[PDB]
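In structure tokens, the next block holds one chain alone, the form deposited in one PDB entry.
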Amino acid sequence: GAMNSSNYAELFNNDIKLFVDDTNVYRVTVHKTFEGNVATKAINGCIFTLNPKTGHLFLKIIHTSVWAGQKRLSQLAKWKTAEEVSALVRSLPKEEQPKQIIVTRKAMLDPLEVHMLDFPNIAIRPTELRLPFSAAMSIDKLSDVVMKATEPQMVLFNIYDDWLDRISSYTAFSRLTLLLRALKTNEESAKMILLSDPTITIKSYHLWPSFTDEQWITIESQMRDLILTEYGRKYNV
């Protein structure tokens, strides 16, 4: 059944599982036409498929060409997501196939279940967690490869960089969700916090800066402060 606060530690056990977030699959700009009607222009999107234990990210780039001449795109987007996740599972060796896929949005359950009928042993699960994976396009290097894509493309990342050399999966996932929650609540402020010190750089093969254990504690503190401030503002409390 549903993944929640109560069964959180299951994410970091030794059963292979993937989170699938479809938020950034179908992306549009809304604009006025010459006649003063409103129209959308699609931009490149991505499926965010993440192994929360290993940090392996399967970023399937959704090129705007996939929408050409299609109707009801927000509905198609859920089925296209389900088709690409099913194709990813089929492409993995048997011992790398997930035992569970957790969808961040309940509208993905039926599309994914129907695409995965060939895999009756892979459990498709919703979650009660409000995960900030929509903010993935606030990670500069992920945003850059999506926007530069000229065709459908799969790009592999480790969203935890080298953190698992020093910290547990549990702690790596907590840092990731805190960074993305900050980027989601106030992108400008969050990105300012991450780069304010020019001496701390991002390795060519990494997504985040090369913080020492001490600098991560300060960074993580600055992100929690950003989130609570914005909450007081949002709500006037």
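A residue's number is simply how far along the shown sequence it sits, counting from 1. The term rigid core refers to the most C-alpha atoms you can superpose between the two forms while keeping them within 1.5 Å.
Heads up, the form deposited with a partner chain bound isn't pictured, but that's what we're talking about next.
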| field | Contact label in the deposited complex: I200 to the partner chain, heavy atom within 4.5 Å | value | no
| message | I'd like to know if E96 sits close to the partner chain in the deposited complex, meaning any non-hydrogen atom pair within 4.5 angstroms. | response | no
| request: Consider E128 of the chain shown here, and say whether it contacts the partner chain in the deposited complex, taking contact as heavy atoms within 4.5 Å. | output: no
| task | Please check if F34 has a heavy atom lying within 4.5 Å of any heavy atom of the partner chain in the deposited complex. | result | yes
| request: Kindly indicate whether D161, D165 and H206 are, all three, within 4.5 angstroms of the partner chain in the deposited complex, using heavy atoms. | output: no
| task | Given that the partner is absent here, state which listed stretch (47-55, 60-68, 167-175, 181-189) has heavy atoms within 4.5 Å of the partner chain in the deposited complex. | result | 181-189
| message | Listing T199, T29, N37, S204 as candidates, which single one shows a C-alpha movement of 2 Å or greater between this form and the one not shown when the core is held fixed? | response | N37
